[PDB]
């Protein structure tokens, strides 16, 4: 294609010993064979610059899990190819000119025992560095037992060992139980992706440092997470548009000195944002929160099992700044739980020195803008509602009502 052996076209690559295998029949086998070719040529610790695998637009079945265990591998298509399988699956498609995702289109047809389309993992040192996934579509094809389960055991990309400077951009993920998982992420960027109609969208697991999640469109399923981070330090979440219907839109557990800023959140259940298990010294600011109710008939009775006293934001930990957010709550009174309760917008479940400053709430019913658990200490609530919209069971919260 170019005059470098480090540039591969999946539609031009022949597997020696399996001449009839195509990118169309099993792109997984083609890419595994390409990776082996790279390893045979790049044979010393000073001769491993990596390579690019090009996926032209087309429909490709992946039956064999790809194991990515080389630094500086780029897998690149020409299009994210997103299509709403959810709407397709639940309406009359008579006369429809298209019935499936496209672009650089990988249909994920992995076996139950190696279900991740791409497994990014290396035993040995150093950390896998500078791997790039961009501009292609990962499509789980169907949910089981029906299209509305958000279950199929499939993952798009699973990074399973400690990693540095991975870049995921311009991707499409659809109808995967898990779109993207990154364990032990350092200096990761999940940037300008379409991640929707997946059980779970982006799971940043184990721990991490110096990560950016920015400019993504994300929508998960009622039993799954949209964005999850575990034990992240210095995670920055900005410019994302999170829409239904994950159990949560942003879920942090043991995350400290992180920032969630300049995002839009739309959710159909309580607990759209969760700072769990002691999240300390985080900035939660300049975000738009919309709590509404399900309007797509196939999901109207679905629930994440939480009631309206849980909070739009549910925070457990110390010294978070929750400031300059707008909350627009509109849930029919017959769909609030428990019956006749005032919904809670921000729940401080516990922790020391949390500050809630300059937040505007609109609700269709009487709501507590802020409830602070009795266990909360040295809390500040500034200009986040009149006295009658703030409930402190904690005896030492300083409250300045909105004048």
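Numbering follows the first chain given and starts at 1.
Student: Regarding 298 to 306 and 136 to 144, which shows the higher C-alpha temperature factor on average in the entry?
Tutor: On average, C-alpha B-factors are higher across 298 to 306.
Student: Do the CA atoms of 59 to 67 or those of 333 to 341 have the higher mean B-factor in the entry?
Tutor: Going by the record's values, the stretch with the higher mean is 333 to 341.
Student: Rank-wise, by C-alpha B-factor, drop residue 169 into the lowest, middle or highest third of its chain.
Tutor: Lowest third of the chain for residue 169's C-alpha B-factor.
Student: Within this chain's modelled residues, let me know which third the CA B factor of residue 234 belongs to: lowest, middle or highest.
Tutor: Lowest third.
Student: If you rank the chain by CA B-factor, which third does residue 215 end up in: lowest, middle or highest?
Tutor: Bottom third by C-alpha B-factor.
Student: Looking at the C-alpha B-factor of residue 123, is it in the lowest, middle or highest third of its chain?
Tutor: Within its chain, residue 123 is a highest-third residue by C-alpha B-factor, going by the deposited values.
Student: When the deposited Cα B-factors of this chain's modelled residues are ordered and cut into thirds, is residue 250 in the lowest, the middle or the highest one?
Tutor: Answer is lowest: the recorded C-alpha B-factor places it there.
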